[PDB]
Each structure stands twice: as C-alpha cells, then as structure tokens.
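What follows is a short report on a single structure.
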Amino acid sequence: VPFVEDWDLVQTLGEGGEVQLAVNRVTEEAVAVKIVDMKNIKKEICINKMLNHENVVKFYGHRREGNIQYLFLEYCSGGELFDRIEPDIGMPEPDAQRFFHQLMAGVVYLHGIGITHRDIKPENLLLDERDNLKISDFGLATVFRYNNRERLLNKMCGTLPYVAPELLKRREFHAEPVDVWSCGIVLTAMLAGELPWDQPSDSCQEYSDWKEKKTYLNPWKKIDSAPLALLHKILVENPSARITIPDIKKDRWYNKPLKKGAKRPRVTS
Ligand SMILES: COc1cc2c(cc1OC)-c1[nH]nc(-c3ccc(-c4nnn[nH]4)cc3)c1C2
C-alpha cells in the first residue's frame, strides 16, 4: 500500500521543542508528533517503549533524522485537563472524581512497573475523544524500582506548586509519595480552580495555614468536606504518614457515587 507512511504536519499542539498534530496521507489517522532538536531522549524513548495502559499516552514509535528526533505519540482530541479547570471555580465534583479515578489507574500502573512520572500537573494530563484522562510526557520520568529493589531519589524534578515538601527539605526521598502529593494538588486545582501555594515550604503562609488546618480559607473553603477529608490525607507533610494509593481507593469520597455514565442516545413511547 503506497504513501501509508506519509504524515502531514497539520497544526501546533504545544511547545517546550514542539508538538505537532500529524494526519496520515492515506488513512487520515491523527497522531501527535514531538519534534526534539537534540542540539536524556534515550531514556525518554526507553521509558515510553515500556508503557501500555488505557490512562497513559500511547507511544507508536520514534524516527531520527540527523539532529531532529521525531516521537510519534497519541493524539488526544479532548486536549488538556488544564483547559477543563475554570479559574477560581474548577469543575463539577462528579467530573473531578472520574478524572481523579483515571489518574489513580494510570499512576497505579506506572508505579507497578517501577516508573515515576515526577511532573504530574493538569498541563500533562490529556483527554481522548470520550474524555478519558491520559498521563503524558516522560521527559522527567525515571525507574525507581528495578529487580524488585527500590532506589531512593535525590534529584529536584517537577513544578514547584505540585512538588511534595520532602523534595525541598530532604536529600533522599521515596518516589511513590511524591506522585501522590502532585495528584492531590491536581485534585485541589480541579475542585477549587486555584493552586493552594507557590511551593510546600514553611516560608509560604498558605502552606503554614494548611498545616494549621485553617480550612475556612481559600482554596479549601470551596471544597466539600468528603473530598477535603481525602486532601487532608494526601497533603500530609511526612511522606511516611501520607496516604498510599491502595488506601486512596478505600477513601469514602473516592467510592462516593456522584457521576452518571456517558449519555447514550434514547427515545420514548
Ligand atoms: C491545546 O489543544 C491540544 C493540545 C494537545 C493535544 C490536543 C489538543 O487539542 C485537541 C494533544 N494530543 N496529544 C498531545 C501530546 C501527546 C504527547 C506529548 C508528549 N510530550 N512528551 N512526551 N509526550 C505531548 C502532547 C497533545 C497536546
């Protein structure tokens, strides 16, 4: 079948290099192509070849043309989770619970194969055509468990409003509680439409107020008591005392019926 390998770079999806929407000449299948001008990528492609989950962006393959590296990834027509968050409002609680369930499935998977994303935020959480959440960008990702032996991290990685406090106060820390904390900050953004603090440090007043349990303040005043009880368990300063994903899965709000299924077409009489 001729021309089946030809893709047209239709439009820009993002920057950093750049991400382009690529449409197949013959089949018209859409993919996102990451254009990386090498003048790191070996690890990124290596981690991407291990990934196969419904809540993780699909890696179709890579092609290298001199100094330009082309990463062929999943096109997600729902765009970014970031653009579903209304500033200072957020989104309806049932939508946030469904996206948080899908985010947990994706992070469970990753941790299961010993991968830590290290930069979970709404900019990196993409939505497919049926609004299924997908974890994207393994540029900062790394192997924290190999041959069933855990390796402690020491490197500063992430985005300050989403990083766990141990990453700023300890030399070494465990990988999994760091991804749990960023998921908790994502849940806060989804239910309040604002970030609670610039960084989880004691010099940050908003962060001190949260440790002082001043929940009558923003963003916590906008969040219902059931998801707020969960956030109280996730945004715990001590990474050893922090809730683990198996226990998030037992939380009362996480298992609270709120959301209806996708609305299938119906007729009466
Ligand atoms: C602003 O609107 C969009 C923005 C994006 C997509 C779709 C969009 O609208 C439908 C889309 N589909 N897939 C991606 C995507 C996939 C993977 C990666 C990635 N980065 N590093 N590794 N994988 C980046 C973007 C994007 C961005």
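At a Cα cut-off below 17 Å, give the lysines reachable from residue 213, other chains included and same-chain residues fewer than 8 away excluded.
Output for residue 213: 221, 222, 233.
Listed highest first by mean packing, meaning other Cβ atoms within 10 Å per residue, what order do 117-124, 156-163 come in?
Final packing ranking: 117-124, 156-163.
I need the phi-derived Karplus couplings for the range 49-65: 6.51 cos²θ - 1.76 cosθ + 1.60, θ = phi - 60°, integer Hz, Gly and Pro marked x.
Result, rounded to whole Hz: 6, 7, 7, 7, 7, 5, 10, 9, 4, 5, 9, 8, x, 9, 9, 10, 10.
Ratio of Rg to Rh for the chain, alpha carbon only, Kirkwood?
With Rg and the Kirkwood Rh in hand, the quotient comes to 0.99.
Given labels modelled 7 Å from the Cα in the Cβ direction, how far is it in nm from residue 27 to residue 12?
2.9 nm
Return the sequence-ordered ³J(HN,Hα) values of the range 151-159 in whole Hz as given by the Karplus equation 6.51 cos²θ - 1.76 cosθ + 1.60 applied to θ = phi - 60°, using x for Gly and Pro.
Result, rounded to whole Hz: 10, 6, 8, 9, 6, 6, 9, x, 10.
Scan around residue 90 for amide H atoms under 5 Å from its own, H built in the peptide plane at 1.01 Å from N, and keep only partners 5 or more places away or cross-chain.
Residues meeting the amide H criterion: 193.
I'd like the distance between the alpha-carbon centres of the range 153-173 and the range 94-146, rounded to an integer number of Å.
First find each Cα centre; the distance between them is then 18 Å.
At a Förster distance of 35 Å, what's the computed FRET efficiency of residue 65 paired with residue 95, Cβ-Cβ distance as r, to 0.05?
0.30
How high is the FRET efficiency between residue 74 and residue 168 when r is their beta carbon distance and R₀ equals 35 Å, given to the nearest 0.05?
On the way: r = 33 Å, r/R0 = 0.94.
It comes to 0.60.
What's the Kirkwood radius of the range 1-86 in Å, using all Cα pairs?
14.1 Å
What list of ³J(HN,Hα) couplings, whole Hz, do you get for the range 243-252 from phi and the Karplus terms 6.51, -1.76, 1.60, once you set θ to phi - 60° and write x for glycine and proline?
5, 9, 4, x, 7, 4, 5, 9, 4, 4
For residue 43, put the label point 7 Å out on the Cα→Cβ axis and report which residues of the range 138-166 keep their amide N under 11 Å from it.
Correct set: 139-144, 154-157.
Positions of Cβ are backbone-derived with ideal geometry, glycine not excepted, and every protein chain shown enters the neighbour counts. Readers should treat all values here as calculations from the given coordinates under stated rules, not as data from a laboratory.
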